[PDB]
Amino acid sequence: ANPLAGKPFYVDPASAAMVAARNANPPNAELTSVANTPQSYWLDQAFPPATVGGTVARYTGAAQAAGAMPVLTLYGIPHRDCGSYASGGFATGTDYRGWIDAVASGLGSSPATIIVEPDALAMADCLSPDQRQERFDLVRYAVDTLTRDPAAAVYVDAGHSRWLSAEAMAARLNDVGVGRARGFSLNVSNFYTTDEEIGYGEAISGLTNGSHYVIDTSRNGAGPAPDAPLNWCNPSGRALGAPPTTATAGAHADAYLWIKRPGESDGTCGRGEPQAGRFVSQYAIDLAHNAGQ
């Protein structure tokens, strides 16, 4: 059965969007709309192995107290973002494994949806063959360890319909034991249409023994900007996409989710824009305004 069906997705009360919406004087309809929409909660190397367990227990416990399904995004892979706008992650594979153990300890038996490492498999060719294998082994470690929470619905990140081919990504997913997870995620922090991502997802599902997937619809309401290098890096003219739901149009699509948080910068992007992750009220307002809100 679809593990995401049956409770609402958790709205994070402490998101930067919530802070901005509560501070708006006068109240701003675009910030409010965004702030009130459930979005994934991202963890990285700012949450060390020593304490991330508690952080995770707190968030899933709070979601359970709200009768809601929390979505967490794990974004701590070594050589994260290949040293680009979102450089970071843990220094070593040993650190990463310790981090995953602590995350799993904080999950316990609690309900959670886990997006495992946006871009890691799709961007891995920036690494040497040995470092790439190490990376695949770490993602597999995440799947093997996190799925010990029976109530964790785990989706390995699989890029998007214009990155690797369905065949190439399926190979990497199969390398990391996607069969043991619920499946994979698509379009994270990107802008491709839901229709496009469904066709790509159904193709990958066919190559991964009928695995299921989720699509990030946070910013895909108007499709992508014209094809160009960095068209994913704070593009203008984009719109909020479908609000999070399990009422999808794909046979193996468990949900549309907002994985990326609308308003949070993609990076400096060659234009001296805010650091990746920093909330920009203007960007959230633009995304909402472009969706007609």
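Don't overthink the numbering: it's just position in the shown sequence, from 1.
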**OP:** Decide which of the stretches 259-267 and 221-229 has the higher mean C-alpha B-factor, going by the entry.
**Re:** 221-229
Original post:
Highest Cα B-factor in the PDB entry belongs to which of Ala142, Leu207, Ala153, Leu74?
Top reply: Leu207
**OP:** Just grab whichever of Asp81, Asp125, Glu117, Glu197 has the top CA B-factor as deposited.
**Re:** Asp125
Subject >> Third of the chain, ranked by Cα B-factor, where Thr193 sits >> reply: lowest
Original post:
Lowest, middle or highest third of the chain for the C-alpha temperature factor of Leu121?
Top reply: lowest
**OP:** State the tercile, meaning the lowest, middle or highest third, of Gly159 with respect to the CA B-factors recorded for its chain.
**Re:** lowest
Original post:
Which third of the chain holds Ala63 when residues are ordered by C-alpha B factor: lowest, middle or highest?
Top reply: lowest
**OP:** Among all modelled residues of this chain, ranked by Cα B factor, put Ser33 in the bottom, middle or top third, i.e. lowest, middle or highest.
**Re:** middle
